[PDB]
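Q: Mind folding the following:
(2 chains, ligands or ions: 1)
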Protein chains: 2
Amino acid sequence: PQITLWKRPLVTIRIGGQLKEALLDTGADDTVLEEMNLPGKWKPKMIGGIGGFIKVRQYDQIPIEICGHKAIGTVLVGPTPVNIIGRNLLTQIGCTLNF
Amino acid sequence: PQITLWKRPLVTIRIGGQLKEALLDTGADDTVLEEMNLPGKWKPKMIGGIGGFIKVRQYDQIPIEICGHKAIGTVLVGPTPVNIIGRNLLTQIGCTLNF
Ligand SMILES: CC(C)CN(C[C@@H](O)[C@H](Cc1ccccc1)NC(=O)[C@@H]1CN(c2cccc(C(F)(F)F)c2)C(=O)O1)S(=O)(=O)c1ccc2c(c1)OCO2
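A: Numbers count the residues shown, from 1 in each chain, chains lettered A, B, ... in the order given. Sharing the structure here:
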């Protein structure tokens, strides 16, 4: 599909038994999801944006479905106000910017 | 052009006769540039991000040429970690997400 940017590019994602709305975000290197208790090993990380840094937990090889498109990769979990699908997963679902 | 997302979508912009690199950022409502001088009246504003809130200066009706495409709109200037082109200008240049 084609998503215009008149409004925030929110789409439905699935991670386990959780459906959530998330931004397709070309400005995000990494995928950052709001606080959730995922299974498995993780490592602590800091990520920076407007206003400074937040502490996140990095989980590897997590499957996520994004508008029915399958993805699997690193997801950062932490105190973000919005679920952010970053470039690591945007590429896996074939997402490009066009103008 | 079509822009893939295996690398950051950084582009050259022209503003006030100056060339800068900026990130095409579909997760950003607003265009926010690092500290710079722009002419004319501005208004103090505060905006939020992943790390908290910052103070910015809001300049209206500023021409920016983004990758050869002309925009005229609101530019916020302040302590963003990198120059970002947000949806307010991405829409002007006809940018969409496609997968
Ligand atoms: C500023 C960019 C260079 C980076 N950000 C991505 C931007 O697209 C963010 C996404 C975002 C959107 C909403 C809340 C928080 C983050 N966008 C922005 O910073 C601004 C913030 N923002 C906003 C608007 C209204 C309210 C608010 C809030 F109240 F939540 F702060 C934020 C908005 O529209 O764009 S980022 O989210 O900070 C980010 C994401 C992934 C990363 C990373 C940094 O480092 C490694 O991996």
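
Q: Could you pull up the contacting residues of residue A:90?
A: Taking Cβ atoms under 8 Å, 6 or more residues apart in numbering or on different chains as the contact definition, residue A:90 lies against A:24, A:25, A:26, B:5, B:99. The way it works is simple: take the backbone N, C-alpha and C, and place the C-beta from them, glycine included.

Q: er, residue A:35 actually
A: Residue A:35 is in contact with A:77, A:78, A:79, counting by Cβ under 8 Å, 6+ apart.

Q: got the residues you listed as TSV, with neighbour count and secondary structure columns?
A: Below are the contacts of residue A:35 laid out as TSV (neighbours: other Cβ atoms under 10 Å in any protein chain shown; DSSP: H, G, I helix; E, B strand; the rest coil):
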residue	neighbour count	secondary structure
A:77	21	strand
A:78	19	coil
A:79	11	coil
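
Q: Same list, the residues you listed, but as JSON lines with distance to the ligand please.
A: As requested, these are exported to JSON lines (distance: Cβ to the nearest ligand atom, whole Å):
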{"residue": "A:77", "distance to the ligand": "12"}
{"residue": "A:78", "distance to the ligand": "10"}
{"residue": "A:79", "distance to the ligand": "11"}
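
Q: Could you tell me which of the contacts of residue A:90 belong to strands?
A: Residues of the contacts of residue A:90 located in strands (DSSP state E): residue A:24.

Q: Chain neighbours aside, what residue packs nearest to the residue of chain A found nearest the ligand?
A: The ligand sits closest to residue A:49 of chain A, with a gap of 1.9 Å, by Cβ to the nearest ligand atom. The spatially closest residue to residue A:49, leaving aside those adjacent along the chain, is residue B:50, at 3.7 Å (Cβ to Cβ, 6 or more residues apart in numbering or on different chains).

Q: just residue A:53 next, same as before
A: Spatially, and ignoring its direct neighbours in sequence, residue A:53 is nearest to residue A:46 (4.8 Å; Cβ to Cβ, 6+ apart).
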